[PDB]
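The structure appears right after this line, and notes come after that.
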Amino acid sequence: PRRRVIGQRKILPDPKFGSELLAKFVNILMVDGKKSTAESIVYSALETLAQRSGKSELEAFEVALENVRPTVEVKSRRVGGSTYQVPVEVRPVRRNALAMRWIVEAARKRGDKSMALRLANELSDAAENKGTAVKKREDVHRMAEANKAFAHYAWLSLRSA
Amino acid sequence: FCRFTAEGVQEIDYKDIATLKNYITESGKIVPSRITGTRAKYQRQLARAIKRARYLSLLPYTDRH
Amino acid sequence: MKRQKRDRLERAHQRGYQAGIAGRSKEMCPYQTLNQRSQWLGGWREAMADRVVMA
Amino acid sequence: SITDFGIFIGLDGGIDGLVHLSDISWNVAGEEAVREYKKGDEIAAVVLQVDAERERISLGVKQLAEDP
Amino acid sequence: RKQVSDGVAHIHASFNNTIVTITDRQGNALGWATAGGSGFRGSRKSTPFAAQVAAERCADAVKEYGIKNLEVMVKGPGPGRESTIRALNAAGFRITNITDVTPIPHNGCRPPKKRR
Amino acid sequence: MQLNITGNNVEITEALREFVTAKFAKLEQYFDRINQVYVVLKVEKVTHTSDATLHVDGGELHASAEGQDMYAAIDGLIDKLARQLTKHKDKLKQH
Amino acid sequence: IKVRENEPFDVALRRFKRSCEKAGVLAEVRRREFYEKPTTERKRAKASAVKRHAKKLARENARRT
RNA sequence: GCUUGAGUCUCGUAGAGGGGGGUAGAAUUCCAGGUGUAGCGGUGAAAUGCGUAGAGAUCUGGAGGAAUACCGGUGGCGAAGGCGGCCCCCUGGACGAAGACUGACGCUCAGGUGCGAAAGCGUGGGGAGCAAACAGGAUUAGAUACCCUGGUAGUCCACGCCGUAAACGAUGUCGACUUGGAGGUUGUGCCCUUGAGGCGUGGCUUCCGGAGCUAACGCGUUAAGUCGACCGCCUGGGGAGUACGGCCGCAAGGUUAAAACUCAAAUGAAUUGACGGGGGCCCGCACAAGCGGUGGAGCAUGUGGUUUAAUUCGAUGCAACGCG
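What follows is the structure in structure tokens.
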């Protein structure tokens with residue numbers, strides 16, 4: 001908004017594992033205001049991600065996540081008649097949430113029988129650098145890196161951190 | 009500022025390039041009278057002296073010759 | 001409903017930067033207090049260079 | 373002095389500017405969000421780890437402690 | 012290929028494009044690269060980044076002439092003109108001197124009337 | 001672009017609907033892609049007035065014209081609408 | 003323009019003198035003969051000069067800060 | 001008769017004042033040659049266009065035309081129009097110091113005569129760049145336009161014509177008088193030039209303001225203040241600076257200049273709002289970041305239409321349409 005760096009509230013961590021990133025991930029596919037069955041989908045998917053990956057579950061999810069987190073993201077701008085996209089760097093809070101949104105959408109596609117099987121296979125190919133969300137990641141990097149020639153005025157991401 | 013031609017009793021000759029090179033810049037351009045602070049009469053005599061010395065090639069027009 | 005963003009200090013910066021880029025070579029639309037006028041002019045002179053680098 | 377979602381910005385010692393990154397802060401990497409883990413306005417352990425002579429970036433850290 | 016030592020790097024830096032012609036001391040060309048031919052097209056030609064990629068894609072393909080040091084001439088009041096010489100400090104060259112060959116007429120011919 | 005006609009105290013005859021529709025179609029073709037148009041005809045004991053609301057991509061735009069015989073009011077409203085459309089059209093060209 | 007010197011050099015001096023006199027005269031001469039409005043633009047420029055000088059001078063009274 | 005008005009002479013002073021001649025440098029274009037190769041150019045985006053027949057770039061040489069960066073100064077000169085590289089020749093005016101001289105020789109001026117930007121016209125040259133007309137590409141609903149790519153008259157010179165301009169300070173000329181300030185430019189006098197110093201004195205000029213004036217805006221010793229001499233011009237708006245006739249012009253057209261008719265207004269300045277594809281600042285689920293919808297389907301309910309014997313009446317942009 002115009003005003004208000006807003007008084008921000010935190011979230012509850014995940015019960016089964018010591019993670020708030022995982023609780024955010026439950027809140028992403030928590031469709032229709034119903035947390036419990038989304039928790040059953042996430043747990044049911046990390047179990048078969050462990051059996052279909054061998055390694056542990058939290059590192060399985062995080063290694064599967066860092067192959068779809070982005071670095072540069074386009075912002076569409078128009079000046080005059082043109083309307084070109086300008087690469088802004090993603091801030092590392094937006095980064096992993098923007099990854100998990102693509103994982104969850106690419107799991108709502110892809111359709112297998114169950115949602116835990118779809119999301120389990122989608123995280124598996126996210127470890128394999130093979131699935132859909134890595135194609136969307138590489139689309140974002142190809143068009144921001146393709147439109148890389150714009151670093152300008154003041155409407156985006158002041159001096160540094 | 010001070011006008012050095014007013015500090016002398018001069019009437020600017022075009023041949024003392026030791027003095028005229030204090031009034032060309034290093035690109036050959038004549039320096040304004042708000043910078044050097046000369047009087048306007050000696051500024052006109054100065055400009056005619058610079059252009060005349062350029063004609064006799066005692067001063068350059070530009071630096072790209 | 002919460003409180004003002006970057007309390008005119010580096011908002012005074014980007015007002016002087018936008019006003020610097022979009023012409024306005026007045027440097028005569030600033031604030032009047034010192035801590036905001038200083039970087040309205042700071043953004044103005046940081047915007048003159050960003051006008052030289054582009055059209 | 374001000375934690376900007378990727379760090380904490382300790383700025384003691386006579387104008388030395390921007391410092392500790394979110395990557396160290398503990399022995400966990402990404403999930404930490406420094407506002408949850410340290411403070412606002414508090415004097416801490418932080419050691420230097422890099423001074424870059426050009427571009428005026430010292431980069432302190434906080435993981436250099438005793439947990440592992 | 013000629014095994015030249017030093018070169019003169021002309022940079023034509025107009026509004027809509029920058030072209031970079033690396034020549035020798037003599038004044039005859041060795042290799043050139045433009046801000047249009049580096050993949051950037053139309054309005055995107057008119058950026059400093061396309062001038063930087065142009066100076067890269069000239070500074071190699073003049074490798075076979077073996078230039079250690081070069082002068083830099085720059086003609087044109089364009090959006091390149093400084094990123095393209097940062098891209099020649101960074102390209103592995105020794106810059107002897109930098110000049111300005113922007114043609115300033117002691118007003119002669121009449122310019123066009125262009126805008127409304 | 002579908003034109004909806006309604007009338008408060010004005011009995012919309014079939015010859016009245018043919019003319020209004022033709023005029024609206026002609027205006028729509030001339031200035032911009034228009035999605036829907038509502039026409040309201042009011043009679044208040046003297047003033048034959050007309051309202052129109054055009055829903056166009058940019059948004060709503062409205063005009064109103066009082067006349068003497070209903071037909072005159074409709075003509076005024078249509079010219080006003082055309083003028084408004086020119087403003088909206090290159091208001092969202094603005095290259 | 004012309005910069006040659008020892009190992010810390012090559013950028014600041016050059017973009018200074020280059021940028022000022024270059025961008026001035028080329029951005030001026032690039033089009034528009036005008037024949038008429040250097041007269042108007044110098045008249046407005048210098049009327050704005052005396053109005054800015056007298057305006058700041060009589061604006062040097064107070065501002066209630 | 002007299003010297004104060006006017007004019008002449010002796011010294012200088014500054015100045016894009018005018019006419020003629022000559023010459024210099026940068027740049028643009030073209031031509032010839034070299035190196036080199038895949039683009040150039042252009043725009044808000046594009047295409048028309050140019051380029052593998054070697055373009056664009058870079059270097060060397062040559063040709064030709066035009067304008068004179070910096071100095072450049074709300075600076076200078078000229079009656080006005082206007083006049084900017086540098087040098088020569090011929091020539092006009094202004095200014096000041098000290099004297100001498102003539103002795104009212106003065107001011108204005110209808111008719112007349114002269115000068116008079118740009119465009120244009122005639123004759124002969126010249127033609128770089130730009131550029132009406134014109135072609136093409138776009139844009140647009142259309143686009144005989146703005147934008148782009150080209151491009152002929154013209155822009156230039158010599159000799160004639162035209163005689164108009166927002167030819168404007170929208171302020172006729174000449175003269176006198178009437179508080180100040182800050183500057184510019186150009187002379188000159190005195191004194192410690194002893195230091196870019198101080199005190200006066202003339203001319204031209206820029207701004208701000210005093211009384212006074214003005215409908216106000218504003219003008220304000222360079223008046224739009226107080227007066228005097230002479231001239232030009234005005235008498236509601238449209239018709240109309242048009243028609244007819246005269247005079248001038250090669251023509252375009254210029255000048256002089258009506259009337260019928262028609263309306264009760266037209267106008268100037270200032271005010272309060274409203275408005276702007278004017279500006280500045282702040283804010284809003286206004287945009288951006290997201291979540292879920294409507295529009296497709298069936299059904300419910302309301303409305304328009306159509307029907308009917310009646311389909312009771314009202315609510316209709318937002319702010320009527322599961323509304324009374």
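Chains as they are written, first to last, in the authors' numbering: chain g, 1 to 161; chain r, 9 to 73; chain v, 1 to 55; chain y, 373 to 440; chain k, 12 to 127; chain x, 1 to 95; chain u, 3 to 67.
Every residue gets a Cβ at the ideal spot worked out from N, C-alpha and C, and that includes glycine.
> Are there 16 or more other CB atoms within 10 angstroms of the CB of residue 94 (chain k), so buried, or fewer, so exposed?
Replying inline: Your numbering for residue 94 (chain k) matches position 83 in the fifth sequence. It counts as buried.
> chain v partners of residue 7 (chain g), CB-CB under 8 Å?
Replying inline: Indexing the first sequence from 1 puts residue 7 (chain g) at position 7. Within chain v, the residues near residue 7 (chain g) are 2.
> Nearest CA to the CA of residue 86 (chain g): which residue from g:46, g:1, g:143?
Replying inline: As a working note, residue 86 (chain g) is residue 86 in the first sequence. With respect to the C-alpha of residue 86 (chain g), the residue from g:46, g:1, g:143 having the closest C-alpha is g:143.
> What are the start and end residues of each continuous alpha helix (DSSP H) run of 4 or more residues lying completely inside the stretch 100–152 of chain g, in chain order?
Replying inline: Every alpha helix (DSSP H) stretch that sits fully inside the stretch 100–152 of chain g and reaches 4 residues is listed by chain position as 115–128, 133–146.
>> Taking a contact to mean a Cβ-Cβ separation below 8 Å, would you say residue 50 (chain g) touches residue 56 (chain g) in this structure?
In response: Position 50 of the first sequence, counting from 1, holds the residue named residue 50 (chain g). Position 56 of the first sequence, counting from 1, holds the residue named residue 56 (chain g). Taking 8 Å as the Cβ cut-off, residue 50 (chain g) and residue 56 (chain g) qualify as a contacting pair.
> Relative to the C-alpha of residue 99 (chain g), which residue among g:126, g:120, g:77, g:18 is closest?
Replying inline: Counting from 1 along the first sequence, the entry for residue 99 (chain g) is found at position 99. Comparing Cα positions, the closest option is g:126.
> Taking only runs of the beta strand (DSSP E) that begin and end inside the stretch 16–80 of chain k, which ones reach a length of at least 3 residues, in chain order?
Replying inline: 17–24, 29–35, 40–45
> Is any beta-carbon of chain k found at less than 8 Å from that of residue 27 (chain u)?
Replying inline: For the purposes of this step, residue 27 (chain u) is taken as the residue at position 25 of the seventh sequence. Under the 8 Å criterion on CB atoms, residue 27 (chain u) is classed as interfacial with respect to chain k.
> Taking 8 Å as the CB-CB limit, is residue 72 (chain r) close to chain k?
Replying inline: Numbered from its first residue, the second sequence carries residue 72 (chain r) at position 64. Yes, because at least one Cβ of chain k sits closer than 8 Å to the Cβ of residue 72 (chain r).
>> Report the start-end ranges of each alpha helix (DSSP H) in the stretch 41–68 of chain g that is 4 residues or longer and not cut off at the edges.
In response: 57–65
>> Check whether chain u comes within 8 Å of residue 110 (chain k), counting only Cβ atoms and requiring the distance to be less than that.
In response: Here residue 110 (chain k) corresponds to residue number 99 of the fifth sequence, with the count starting at 1. With 8 Å as the cut-off, residue 110 (chain k) counts as an interface residue toward chain u.
> Contact check, residue 38 (chain x) vs residue 15 (chain x) under 8 Å by CB: the rounded distance?
Replying inline: The residue you call residue 38 (chain x) lines up with position 38 of the sixth sequence. The residue you call residue 15 (chain x) lines up with position 15 of the sixth sequence. Not really, about 21 Å apart at Cβ, beyond 8 Å.
>> Under 8 Å, Cβ to Cβ, is there at least one residue of chain k near residue 75 (chain g)?
In response: Taking the first sequence and counting its residues from 1, one reaches residue 75 (chain g) at position 75. Answer no: the Cβ-Cβ gap between residue 75 (chain g) and chain k never drops below 8 Å.
> Going by DSSP, which residues form a beta bridge with residue 84 (chain k)?
Replying inline: Position 73 of the fifth sequence holds residue 84 (chain k). Per DSSP, k:21.
>> Below 8 Å, how does it come out for the stretch 399–418 of chain y and the stretch 17–32 of chain g: are there three or more Cβ pairs, yes or no?
In response: Enough Cβ pairs lie closer than 8 Å, so yes.
> So is residue 431 (chain y) in contact with chain g if we call contact Cβ pairs under 8 Å?
Replying inline: Numbered from 1 along the fourth sequence, position 59 holds the residue referred to as residue 431 (chain y). No, because no Cβ of chain g sits closer than 8 Å to the Cβ of residue 431 (chain y).
>> For residue 42 (chain g) and residue 26 (chain g), I'd like the C-alpha separation in whole angstroms.
In response: Locating residue 42 (chain g) in the first sequence gives position 42, where the first residue counts as 1. Locating residue 26 (chain g) in the first sequence gives position 26, where the first residue counts as 1. Spanning the two alpha carbons is a distance of roughly 7 Å.
>> Would residue 92 (chain k) and residue 46 (chain k) be called neighbours here (beta carbons separated by less than 8 Å)?
In response: Residue 92 (chain k) sits at position 81 when you count from the first residue of the fifth sequence. Residue 46 (chain k) sits at position 35 when you count from the first residue of the fifth sequence. Against a cut-off of 8 Å, the Cβ pair of residue 46 (chain k) and residue 92 (chain k) comes out as no contact.
> Interface residues of chain u around residue 52 (chain v) at Cβ under 8 Å?
Replying inline: Taking the third sequence and counting its residues from 1, the one referred to as residue 52 (chain v) is at position 52. 21, 25, listed in chain order.
> Interface residues of chain r around residue 48 (chain u) at Cβ under 9 Å?
Replying inline: Residue 48 (chain u) sits at position 46 when you count from the first residue of the seventh sequence. Those within 9 Å of residue 48 (chain u) in chain r number zero; the least Cβ separation is about 13 Å.
>> So, under 8 Å CB-CB, residue 22 (chain k) and residue 83 (chain k) are touching, yes? Tell me the CB distance rounded to an integer number of Å.
In response: Mapped onto the fifth sequence, residue 22 (chain k) falls at position 11. Mapped onto the fifth sequence, residue 83 (chain k) falls at position 72. Contact between residue 22 (chain k) and residue 83 (chain k) holds: CB atoms are separated by about 7 Å, below the 8 Å threshold.
> Applying a beta-carbon distance threshold of less than 9 Å, which residues of chain g neighbour residue 377 (chain y)?
Replying inline: Stepping through the fourth sequence from its first residue, residue 377 (chain y) is reached at position 5. Ordered by position in chain g, the residues that pass the 9 Å Cβ test against residue 377 (chain y) are 91, 92, 93, 161.
> Does DSSP classify residue 412 (chain y) as helix, strand or coil?
Replying inline: Within the fourth sequence, the letter at position 40 stands for residue 412 (chain y). Residue state, collapsed to three classes: coil.
> Which chain g residues are close to residue 427 (chain y), counting only those with a beta carbon under 8 Å from its beta carbon?
Replying inline: Translated into positions along the fourth sequence, residue 427 (chain y) becomes position 55. Those within 8 Å of residue 427 (chain y) in chain g number zero; the least Cβ separation is about 10 Å.
> Between residue 410 (chain y) and residue 422 (chain y), what straight-line distance do the alpha-carbon atoms span, to the nearest angstrom?
Replying inline: Translated into positions along the fourth sequence, residue 410 (chain y) becomes position 38. Translated into positions along the fourth sequence, residue 422 (chain y) becomes position 50. Straight-line Cα distance between these residues: approximately 21 Å.
> Run through DSSP, which three-state label would residue 100 (chain k) get?
Replying inline: Counting from one through the fifth sequence, the residue named residue 100 (chain k) turns up at place 89. Here residue 100 (chain k) sits in helix by DSSP.
> Based on the DSSP output, what are the partners of residue 38 (chain x) in its beta bridges?
Replying inline: Against the sixth sequence, residue 38 (chain x) aligns to sequence position 38. DSSP lists x:4, x:53 as partners of residue 38 (chain x).
>> Here's the rule I'm using: 16 or more other beta-carbon atoms within 10 Å means buried, otherwise exposed. How should residue 30 (chain v) be labelled?
In response: One-based indexing of the third sequence puts residue 30 (chain v) at position 30. It counts as buried.
>> Less than 8 Å between CB atoms is the rule here; does residue 2 (chain u) satisfy it with respect to chain v?
In response: With chain u covering 3 to 67 only, the question about residue 2 (chain u) has no answer from this structure.
> In chain y, which residues lie with their C-beta within 8 Å of the C-beta of residue 20 (chain g)?
Replying inline: Residue 20 (chain g) sits at position 20 when you count from the first residue of the first sequence. The answer, in chain order, is 403.
> For residue 436 (chain y), which residues in chain g fall below 9 Å Cβ to Cβ?
Replying inline: What you label residue 436 (chain y) is simply residue 64 of the fourth sequence in a count that begins at 1. Near residue 436 (chain y) there are no residues of chain g at all, since even the closest Cβ is about 21 Å away, more than 9 Å.
> Which first and last residues belong to the beta strand (DSSP E) in which residue 42 (chain v) is found?
Replying inline: Indexing the third sequence from 1 puts residue 42 (chain v) at position 42. Counting along the chain, residue 42 (chain v) falls outside any beta strand (DSSP E), though it belongs to the alpha helix (DSSP H) covering 34–52.
>> Since residue 67 (chain k) and residue 12 (chain k) should fall inside the 8 Å C-beta cutoff, what is the C-beta to C-beta distance between them, to a whole number of angstroms?
In response: The residue you call residue 67 (chain k) lines up with position 56 of the fifth sequence. The residue you call residue 12 (chain k) lines up with position 1 of the fifth sequence. Contact doesn't hold; Cβ gap of about 20 Å is too wide.
> Mind checking residue 26 (chain r): buried by the 16 CB within 10 Å criterion, or exposed?
Replying inline: Along the second sequence, read from residue 1 onward, the residue named residue 26 (chain r) stands at position 18. That one is exposed.
>> Need the endpoints of the beta strand (DSSP E) that residue 86 (chain g) sits in, please.
In response: Indexing the first sequence from 1 puts residue 86 (chain g) at position 86. Where residue 86 (chain g) is concerned, the enclosing beta strand (DSSP E) stretches over 85–89.
>> Once the 5 residues before and after residue 48 (chain v) are set aside, which same chain residues still bring their CB inside 8 Å of it?
In response: Here the question's residue 48 (chain v) lines up with position 48 in the third sequence. Closer than 8 Å at the Cβ level, and outside the excluded window around residue 48 (chain v), lie 20.
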